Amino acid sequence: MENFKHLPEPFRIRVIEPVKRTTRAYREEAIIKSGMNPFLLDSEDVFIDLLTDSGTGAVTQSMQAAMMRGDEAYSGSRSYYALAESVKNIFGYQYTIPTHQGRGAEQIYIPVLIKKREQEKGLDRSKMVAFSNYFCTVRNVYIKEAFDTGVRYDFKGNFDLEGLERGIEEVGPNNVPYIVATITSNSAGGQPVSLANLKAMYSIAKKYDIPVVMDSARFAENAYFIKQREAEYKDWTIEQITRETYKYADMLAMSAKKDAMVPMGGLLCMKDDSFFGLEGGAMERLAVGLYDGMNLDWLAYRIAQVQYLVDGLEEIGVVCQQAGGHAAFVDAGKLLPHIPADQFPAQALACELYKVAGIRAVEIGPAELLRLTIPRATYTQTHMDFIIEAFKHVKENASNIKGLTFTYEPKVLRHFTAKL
């Protein structure tokens, strides 16, 4: 009868990966052997791993089944055609280049689109500038409501159309190799982009004839927010909003490691023949993942848990500098005000969080921030309350927590280095 802030899982758990519960004595000894650097910890010793949401998520039954029927043929693989058919039936793009990683797609379209405008419109490599809502030099054009956490706004990842149009005039249209639209945006822990904004952005792109690359790891989540907020599309499905959305970009480049729900993969796809690396089982798995990732019941649950964790930390007095859809940045300085910036307040908070709850977080972020990310369909509400209770414990005992003079950062080659 009542309302649930944390939605029930619209799925049944099928396969699980056991994780051992540890004593504080075990963790305190483990965090020491790692040199007070949770990044070096063994996966077995981490109870809740918030390090990254990329490739660490779960899969569905149909996705696992897809791995079983592959076609490993070097060419004319039915597994490739199945993937292409999904890209075509979803985004509307009939040309598909599978890549190992999302980063692999960038290695392709960037040098290609640059050389293209160099041949045609005579682009200058010294004066060249690329534009985006948020991220060779690239310039971010974003609305001022984006980074303001004091106020809530329906779409904070929108382009600044005035700033976009003005910026093109400054550098000149011949010098702009492309426009990268990120959905959801990468700004402020992530924020959705409206369909009206993209449409408007694309009209500007044709005026100067600039190719628009849609960078979407999160395309499914972005479509959900358009259905949830933008009034016109309220009765549209997720598939429909996605099909409409990609009319307003020329090509897409993405990591499949997020909303496509796969451990590894990437895509570079185009709706035109212009402007011109995966095993069969993996392509088959991704072709299923793109559909399962767009599930309406699933997207509501995913987005609800993230919001549940953010709302949870807020109520216990933990302030976030930025908290979006795909990430939350906790302010370690404000949580540990007695620790000088010299002693690495963020790295210190990470260790204490592991000592207490066995939770792993990363320091990357003048301000000292601790980033939190949630792997998809991995952890439950109980884990969320466990993370909140940990921050609650750290806040009360905060005074007795000490900083760190030493941060242990060995070479990149140990880091690897097989065990003894």
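Residue positions are given as counts along the sequence shown, with the first one as 1.
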Interval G365-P366, deposited residues with no coordinates in the entry (none, 1 to 3, 4 to 9, 10 or more) = 10 or more
Pick one of none, 1 to 3, 4 to 9 or 10 or more for the number of deposited-sequence residues not modelled between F135 and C136.
-> 10 or more
Give the stretch, out of 18-26 and 403-411, with the larger mean C-alpha temperature factor in the deposited entry.
-> 403-411
Average Cα temperature factor in the PDB entry - higher stretch of 117-125, 261-269 = 117-125
Out of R229, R218, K206, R243, which residue has the highest Cα temperature factor in the PDB record?
-> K206
Out of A323, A348, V112, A256, which residue has the highest Cα temperature factor in the PDB record?
-> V112
Give the position of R166 by CA B-factor within its chain, expressed as the lowest, middle or highest third.
-> highest
Relative to the other modelled residues in the chain, which third contains the C-alpha temperature factor of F275: lowest, middle or highest?
-> highest
Chain-relative CA temperature factor third for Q107 = highest
Once the chain's modelled residues are ordered by C-alpha B factor and cut into thirds, is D342 in the lowest, middle or highest one?
-> highest
On the chain's distribution of Cα B-factors, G289 falls within the third called lowest
